[PDB]
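Q: First, the structure itself, so that you have it in front of you.
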Amino acid sequence: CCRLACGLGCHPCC
């Protein structure tokens, strides 16, 4: 999971 990069096709965010 990604925190800030979660918006780059990486969800859900942690």
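In case you wondered, yes, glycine gets a Cβ from its N, Cα and C as well.
Copying in the features that Swiss-Prot gives for the protein in this structure:
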type     : residues : note
DISULFID : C1-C14   : disulfide bond
DISULFID : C2-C10   : disulfide bond
DISULFID : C6-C13   : disulfide bond
MOD_RES  : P12      : 4-hydroxyproline
MOD_RES  : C14      : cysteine amide
Q: Might you list, by sequence position, any residue in that chain lying six or more from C10 (disulfide bond) with a Cβ less than 8 Å away from its Cβ?
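A: Listed in sequence order, they are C1, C2.
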Q: What is the number of other Cβ atoms found within 10 Å of the Cβ of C6 (disulfide bond)?
A: 13
Q: Could you measure between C6 (disulfide bond) and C14 (disulfide bond) for me? Cα positions, answer in whole angstrom.
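A: Checking the Cα atoms of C6 (disulfide bond) and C14 (disulfide bond) gives a distance of 8 Å.
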Q: I'd like the Cβ neighbour count for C1 (disulfide bond), meaning other Cβ atoms within 10 Å of its Cβ, all protein chains included.
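A: The answer is 9.
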Q: Can you tell which of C2, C14 has the least company, meaning the fewest other C-beta atoms within 10 angstroms of its C-beta, among these disulfide-bonded residues?
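A: Checked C2, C14; of these disulfide-bonded residues, fewest Cβ neighbours within 10 Å: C14.
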Q: Using DSSP, would you call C10 (disulfide bond) helix, strand or coil?
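A: Going by the DSSP assignment, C10 (disulfide bond) belongs to neither helix nor strand, so it counts as coil.
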